[PDB]
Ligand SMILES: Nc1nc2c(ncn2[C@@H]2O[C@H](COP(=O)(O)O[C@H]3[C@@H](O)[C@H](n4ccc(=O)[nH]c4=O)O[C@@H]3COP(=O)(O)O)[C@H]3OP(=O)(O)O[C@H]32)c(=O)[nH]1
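Below sits a lone chain in structure tokens, taken as the form deposited without the named molecule.
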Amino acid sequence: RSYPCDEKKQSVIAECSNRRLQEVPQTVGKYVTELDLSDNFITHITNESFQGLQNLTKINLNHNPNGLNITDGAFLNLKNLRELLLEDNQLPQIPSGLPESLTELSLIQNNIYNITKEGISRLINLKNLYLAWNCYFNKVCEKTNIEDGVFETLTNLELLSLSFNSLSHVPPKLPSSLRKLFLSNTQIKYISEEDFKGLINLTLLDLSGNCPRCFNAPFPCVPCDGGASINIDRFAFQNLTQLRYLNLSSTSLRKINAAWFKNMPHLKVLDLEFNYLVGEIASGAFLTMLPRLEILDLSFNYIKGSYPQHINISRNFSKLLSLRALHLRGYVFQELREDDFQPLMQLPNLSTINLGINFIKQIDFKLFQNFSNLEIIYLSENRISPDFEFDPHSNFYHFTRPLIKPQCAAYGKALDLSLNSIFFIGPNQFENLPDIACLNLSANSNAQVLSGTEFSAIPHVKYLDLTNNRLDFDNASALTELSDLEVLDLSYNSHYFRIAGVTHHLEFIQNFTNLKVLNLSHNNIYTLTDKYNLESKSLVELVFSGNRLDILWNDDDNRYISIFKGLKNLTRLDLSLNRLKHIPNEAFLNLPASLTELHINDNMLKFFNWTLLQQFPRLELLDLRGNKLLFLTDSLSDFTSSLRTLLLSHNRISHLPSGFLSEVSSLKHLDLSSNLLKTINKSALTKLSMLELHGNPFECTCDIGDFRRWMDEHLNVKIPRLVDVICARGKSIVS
């Protein structure tokens, strides 16, 4: 048992993050290799901080403290130190006399404005150097002075990142080992012919945000004089036969010179977001130069004040033969006509069209059929009708998450129409579409009574998202045309559920032979009409959080006592956030005997009838976190032989009953963190692999001794975050 860090073996990692450590710990294990020490209160670092920690081949001192004084060659005597990370430390300078064994260095988010030979040129083994985000936006900081030639000694340098600094030009004397060159938001107007001419290995070049398009910028944005475009010499990308990824986002471009790509036969990803390329899109020769392009991002190229009827796509798109994804958000146009996308329809691997945020009013949906294999049709957010703000380690111009949830997209062809205005699905709404498997109609202000016919044209939908609408559930055949339905997400439709005098019919649930997952969360359900029960022979997982079981299962009311019992296959049930003070025993007994996993967290339970766990012989996880439980049973082993994980954090448990750890033979994980345990008696003292105790007011006196021994006896019981397992006054119990 280590302290204050928590170790593992991936290759031996001392996770020592966030522990409020005030200086590097003396007490680290001697087989430790990677020591993560971020987010601590470390203020000073000397040579004698890592005195005897050898074969540390990684250090992380990010965010210290939560500015860091590092003496010169304080790391020098670590002859194995390879990866060093000292991001976000208000470092004034690249620290002096670093150990030349370093292969990866990260100085992101400091105050370093001077890149000197005295810090960098000795370090011949740098592969990846991260200096981004040191002088940017309206930060008080100085122009970035780069001593001449200071990189040419770094002949094993593969990745260099200087983004979000004021450079003004591409440094000269760049080693030709570079494969990845990041110069975004560096205030560079002009790209000369000599600028990259000897970088024959570059796979990636990022010149984004130089001469930026600043209208409506969510950050302080300085245009180039006259909102002028970036100036790229005609032979600037000569000799760059190995480029794969080119990012020219936000460089105010209006013209693309087709000859820029003459010597890039492999170009794979092109990013031209936030430029002014509406003209280039309609008639663009540069598109005939890219037969291996896979991803083209042309988002936010809208003309301010301009709302064209149709989008205008050059015939030249037809030539983009390897194109996989095409992103055209923020073009802004009223209508998508069948003719408008002819140039894309013969492209064989075009699987993703992104038309998000174009305020489109009508789509002639039949057009998506005439394509080859579209997989993701992304139309969200249109107008179709019946420390620190910016993360230095992600992409700055867009979100990188997938457009459509993987779990939904994995079923097949996907149509995301979320955040539109289809407030009512008419009879011909889905005429002429391909066989959609994944459908998002979230947030379309839909208030209709679904009745069994609305989806007849796409009857093979397998995952359906109708979250965040206002469905009026007043017809028992709703959605039953979707015989293949497997996932149905009905969250955040509380509008009509909340009104007691409108009708609520959920009977339809039973008709689905293949329904696996049903989410009814945040619907404020407390009254149903005519039928009180949920029935399905298939359903595996019901999410019923953010409803009102406190009302449903009121003591004076019997109507909903078997609400969930007809769910004969159910293995996971989420009853969290139901305002439950107590569950009547009979209603608890009528939960499906099939359950393996039951969540009743974040209610207000004062009591739990443990005895009833006898009728749930398959149950593996019981989650009661965030209630008001006062007492644990003394006889748990008598009610279950199945429970593997029991979660009880954020309750009011002050005493552990006899044999509680030893006697339950299937139980491996027990979470008692953040309760009211003053102690743990020797009488409470085996099949347990993890026990959580942080957050408790452990009275530290001579009485607390017995348990310590037990910890020493059982190393096989991980006890996390021992630093937070604390005497009630501050020291850990392990002192």
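For every residue, the number given is its place in the sequence shown, counted from 1.
Here the subject shifts to the form solved in complex with the named molecule, a form of this protein not shown in this document.
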Review point. Considering the named molecule in the entry with it bound, which of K139, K581, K173, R401 comes within 4.5 Å of it through any heavy atom?
Key: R401
Check your understanding: With the named molecule left out of view, which of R559, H169, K255, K268 would have a heavy atom within 4.5 Å of it in the entry with it bound?
Key -> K268
Review point. Do heavy atoms from each of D602, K606 and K628 fall within 4.5 Å of the named molecule in the entry with it bound?
Key: no
Exercise for review: Evaluate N110 for contact with the named molecule in the entry with it bound, applying a 4.5 angstroms cut-off between non-hydrogen atoms, and reply yes or no.
Suggested key: no
Exercise for review: Examine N354 and determine whether its closest non-hydrogen atom to the named molecule in the entry with it bound is within 4.5 angstroms.
Suggested key: yes
Exercise for review: Determine whether any heavy atom of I363 comes within 4.5 Å of a heavy atom of the named molecule in the entry with it bound, and answer yes or no.
Suggested key: no
Exercise for review: Tell me, yes or no, whether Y245 is in contact with the named molecule in the entry with it bound, where a contact means a heavy atom of each within 4.5 Å.
Suggested key: yes
